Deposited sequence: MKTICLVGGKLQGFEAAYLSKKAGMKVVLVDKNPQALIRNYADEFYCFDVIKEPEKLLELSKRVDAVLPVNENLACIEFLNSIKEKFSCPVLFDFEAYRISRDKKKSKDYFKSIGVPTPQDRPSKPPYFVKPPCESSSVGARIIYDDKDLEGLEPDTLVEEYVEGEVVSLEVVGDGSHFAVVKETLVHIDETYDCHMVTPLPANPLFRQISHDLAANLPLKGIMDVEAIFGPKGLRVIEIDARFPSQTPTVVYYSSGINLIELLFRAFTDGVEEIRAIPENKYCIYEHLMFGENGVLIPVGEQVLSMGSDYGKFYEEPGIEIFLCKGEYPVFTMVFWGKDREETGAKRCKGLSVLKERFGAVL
């Protein structure tokens, strides 16, 4: 049995912990927040700030098999970079790739440098899509029909938002499984489903990783627009939501693949269906779809229910949020599991949907 140390206990942390458990790994969480979201989900919890007490993390590195940064605190990421040679286990991260990926303008420059289509900057005709240069979870992302002079202003590209994860070992780049990102009125993601292979998107994703070169994990987000595929962002860190759908639909565990990239290396290149979604239990049991932004305001997050083809996680807080995971051999069976999972909420908690 191996042990993984996660630095950060919110949504990235949950995803990493979930897949680590599927891999039969013990999960050690480090987080500066005594109320860290997944503190009770991890097998062990150590509450400290790694910047203030690096010696504690370095000591932990002696008794775990890998350390995985799962936060987007730049101060933390840059500090870990400065001490990474001191760890007694691999640090599963690509710091240079993250530096490019975190800055959306820098990323777009990179896309252009290798001939990858991306939305036109500063269009003359509405609607415009605007977003901060360095946020995630769709924070500050809005459609416009005096922003910071550093705000990204783009043409609005209509169509499917599609995600691909790539794990690189520096030499080989394993492009995994296409997923559909279902957006809400805030452009946050409330649902994820798998998609058939897209050879063009796979090649683009491969080339984005290969030209770095990627040693770590990165996802690629593209919109399948009316005039073709346009890559909107890359994020060189462990993502939330999509890796669960990747796991059920393809059989590939992204935590195991990432761990392999830093130990044995990786090789390039199941077909089930999966529905992943968040639902808030509102006033009087009204079920409301919500995005990640809502889930990250929670106070406690862990497993609520399981049966064959159904996993339900409960995020406690101001109005409970359920994360529902359904899988089966095809859309029909998975839809049947979704109904059963919903009816559990209906009969148990008097939920309405």
Legend entry - Ranges of the deposited sequence (numbered from 1) for which no C-alpha atom is modelled: 146-151, 276-279
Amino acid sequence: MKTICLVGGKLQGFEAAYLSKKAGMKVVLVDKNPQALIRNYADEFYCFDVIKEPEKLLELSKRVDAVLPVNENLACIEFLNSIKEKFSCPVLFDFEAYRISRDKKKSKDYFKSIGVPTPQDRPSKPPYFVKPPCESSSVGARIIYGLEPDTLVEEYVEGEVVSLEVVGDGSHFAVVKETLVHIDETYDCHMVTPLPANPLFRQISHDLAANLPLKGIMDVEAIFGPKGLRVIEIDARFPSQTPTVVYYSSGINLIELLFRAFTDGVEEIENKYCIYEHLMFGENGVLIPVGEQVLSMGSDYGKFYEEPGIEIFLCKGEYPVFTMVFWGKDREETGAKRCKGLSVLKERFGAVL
From here on, numbers count along this sequence of modelled residues.
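The term rigid core refers to the maximal set of C-alpha atoms that superpose within 1.5 Å between the two forms.
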Legend entry - Stretch farther from the shown model on average in 5 other deposited structures of this protein, with CA RMS computed after core superposition (257-265, 148-156): 148-156
Inset, instruction - Take the C-alpha B-factors listed in the entry for 122-130 and for 167-175, compute each mean, and give the stretch with the larger one. - result: 122-130
Inset, instruction - Determine, for stretches 211-219 and 150-158, which one has the higher mean CA B-factor as deposited. - result: 150-158
Inset, instruction - Using the entry's values, work out which of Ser136, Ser107, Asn71, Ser205 has the largest Cα B factor. - result: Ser136
Inset, instruction - For the C-alpha B-factor as written in the entry, point me to the maximum among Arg102, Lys272, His278, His182. - result: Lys272
Inset, instruction - Determine, from the deposited record, the chain-internal third of the Cα B-factor for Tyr145: lowest, middle or highest. - result: highest
Legend entry - Cα B factor band for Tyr319 (lowest, middle or highest third within the chain): highest
Inset, instruction - Please rank the C-alpha B-factors of the chain's modelled residues and tell me whether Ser88 sits in the lowest, middle or highest third. - result: highest
Inset, instruction - Could you look up the Cα B-factor of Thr244 in the entry and say which third of the chain it sits in: lowest, middle or highest? - result: lowest
Inset, instruction - Divide the modelled residues of the chain into thirds by Cα B-factor and specify which third, lowest, middle or highest, holds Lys329. - result: highest
